[PDB]
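Protein chains in written order, with the entry's author numbering: chain C, 1 to 90; chain A, 1 to 90; chain B, 1 to 90; chain D, 1 to 90.
Built from N, CA and C at the ideal position, the CB exists for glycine as well.
Okay, structure first, notes after.
Written out as structure tokens, the structure is:
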């Protein structure tokens, strides 16, 4: 049920195009009705496991239709760590 | 289409309870009709993006029903990606 | 030269005793004269490559002398990279 | 003291060259007198913490002098719970 994802996209085809495709994945993510915090290396999402897996998949499909080679680091979590940290406030 | 997923499950639970969530995730994974290689830190899967996302979600649900706190590192590689055989011929 | 480390420590210990290795790694990190931001899943450091590698090693040695099993995820970004600030508003 | 490292260099550069900076880092790594296994997403090294930190730093400096933007994922393990030595099965 309760879960957290930390997503890092890394397009490896063009130039910086790249901060474009990332920007895209970011725009898509903002579109979802999910709690999100953009940190320096990854975008942290919080919500129901089911919705995050769905959003993760879409986020990657978005990135993949902007670059031919997409690599992503993903962190998935469930309980006991932190949501307190979520405090963007910056 | 083409996609590769690397999975590492780090359950934040004691001894015996963890060797089980890990055993369970591996067994489940073997159950799928997907190309898989178990390496020292992560289990590497290869196949269609759609099926891997599905398998990833199930793998995590399996792990989550064996421990209350499950953390996972996942690597995704989508698009015109080289195969496990090709990468291994760096 | 310019570099950025993203540090995440998972102690693999039982409650109270782990959330001590983490306060230990955070405290040590604050001790260094390095730019640092604590995000939900990892602590992001920014500075000279040489100093970060040194701080990373010490941070891990600190964690290791508080738990017998320490696992860490680390992200290294070195070169004509974008500062944390620039990435902030990606 | 006893430790294990998992390295993944993502040069985020235009095709071909990306496997060149990766091959570079690989050649350097083979040069060290350290136990190593190349898996599909990361190269796993095993040995004394001190030597691995030294090798990691050099590996990255090698990669950085072949591309202007180098990103790396690194996993560090200290202990035995995850029995990384089992990597005899390569």
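Beta-carbon proximity of residue i to residue j, cut-off 7 angstroms
i	j	result
residue 5 (chain A)	residue 52 (chain A)	yes
residue 69 (chain C)	residue 79 (chain A)	yes
residue 21 (chain C)	residue 67 (chain C)	yes
residue 63 (chain D)	residue 9 (chain D)	yes
residue 42 (chain C)	residue 88 (chain C)	no
residue 29 (chain D)	residue 3 (chain D)	no
residue 39 (chain A)	residue 35 (chain D)	no
residue 46 (chain B)	residue 84 (chain B)	yes
Enclosing alpha helix (DSSP H) for residue i [first to last residue]
i	result
residue 87 (chain A)	84 to 87
residue 39 (chain B)	Neither: residue 39 (chain B) is in no alpha helix (DSSP H) and is coded neither H nor E.
residue 26 (chain D)	17 to 31
Proximal chain B residues relative to residue i, where beta-carbon distance stays under 8 angstroms
i	result
residue 71 (chain D)	75, 76 and 77
residue 27 (chain C)	Going along chain B, no residue has its Cβ under 8 angstroms from residue 27 (chain C), so there is no contact; the nearest lies around 11 angstroms.
Residue i: contacting residues in chain D (beta-carbon distance under 8 angstroms)
i	result
residue 18 (chain C)	12
Boundaries of the beta strand (DSSP E) in which residue i is found, first to last residue
i	result
residue 71 (chain B)	70 to 79
residue 43 (chain D)	43 to 48
residue 13 (chain D)	Where residue 13 (chain D) is concerned, there is no enclosing beta strand (DSSP E), given that its DSSP letter is neither H nor E.
Listed by chain order, chain D residues near residue i by CB distance under 7 angstroms
i	result
residue 2 (chain A)	Simply none; closest approach about 14 angstroms.
Under 9 angstroms by beta carbon: chain C residues contacting residue i
i	result
residue 68 (chain A)	78, 79 and 80
Cross-chain neighbours of residue i in chain A, by beta carbon under 8 angstroms
i	result
residue 84 (chain D)	40 and 41
residue 88 (chain C)	None at all; the shortest Cβ gap to chain A is about 22 angstroms.
Under 7 angstroms from the C-beta of residue i: neighbouring residues of chain B
i	result
residue 47 (chain D)	Per Cβ cutoff of 7 angstroms: no residues; residue 47 (chain D) is ~14 angstroms from chain B at best.
residue 57 (chain D)	53
Within chain A, the residues that residue i reaches when beta carbons sit closer than 9 angstroms
i	result
residue 50 (chain D)	The contacting residues do not exist; residue 50 (chain D) stays about 21 angstroms from chain A at best.
Within chain C, the residues that residue i reaches when beta carbons sit closer than 7 angstroms
i	result
residue 34 (chain B)	None at all; the shortest Cβ gap to chain C is about 14 angstroms.
residue 64 (chain A)	78
Residue i: contacting residues in chain D (beta-carbon distance under 9 angstroms)
i	result
residue 44 (chain A)	39, 40 and 41
residue 60 (chain B)	3, 49, 53, 76 and 78
With 16 other Cβ atoms within 10 Å as the buried cut-off, status of residue i
i	result
residue 16 (chain A)	exposed
residue 90 (chain B)	exposed
residue 76 (chain B)	buried
residue 19 (chain B)	exposed
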